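Heads up, the chain below is alone and in the form deposited in one PDB entry; it's given as structure tokens.
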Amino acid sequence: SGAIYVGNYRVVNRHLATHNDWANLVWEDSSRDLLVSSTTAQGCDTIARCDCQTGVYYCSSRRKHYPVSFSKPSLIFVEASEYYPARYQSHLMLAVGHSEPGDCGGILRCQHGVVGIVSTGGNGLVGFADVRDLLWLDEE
């Protein structure tokens, strides 16, 4: 589990969105595994605006933050998980690291701020849904 809180936006894995998220929907994209809902209170997070390929992510299944190198966001085939069938997921970054389903929502951060959230795992990789292209998160 986990979210990004930027301005009056809450960014979650689409597959973990709650009824309240869907009732306060700003934007969602199944292909990206992302959903954004509106918040009443302002959030503590700053979104990275950059093309970093190194950062640190939180792994809940290890209670640990790991430094990683990661691929640039791309359209990637993802094997079946407990929460999606095998499918193509867009805007996904991969790193070598540990990820189980419940690790989804852990933050990946670089020197510029929040890069994305854990969205995939298995076979020794961790996949992160990028948010750095979502410029509208920073305004309005």
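Shifts are known only where both forms have a C-alpha. Each form is matched to the other, and the largest set of C-alpha atoms that superpose within 1.5 Å is called the rigid core. Residues carry their position along the shown sequence, with the first being 1.
Keep in mind the form solved in complex with a small molecule is missing from the figure; the text below concerns it.
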Inset, instruction - Answer with yes or no whether residue 49 is in contact with the small molecule in the deposited bound form, where contact means some heavy atom within 4.5 Å. - result: no
Inset, instruction - Examine residue 101 and determine whether its closest non-hydrogen atom to the small molecule in the deposited bound form is within 4.5 angstroms. - result: yes
Legend entry - C-alpha displacement of 2 Å or more between this form and the one not shown on the rigid core, among 50, 75, 80, 56: 80
Inset, instruction - Send over the list of consecutive residue runs, 3+ long, where the C-alpha shift is 2 angstroms or more at every position between this form and the one not shown on a core fit. - result: 79-86
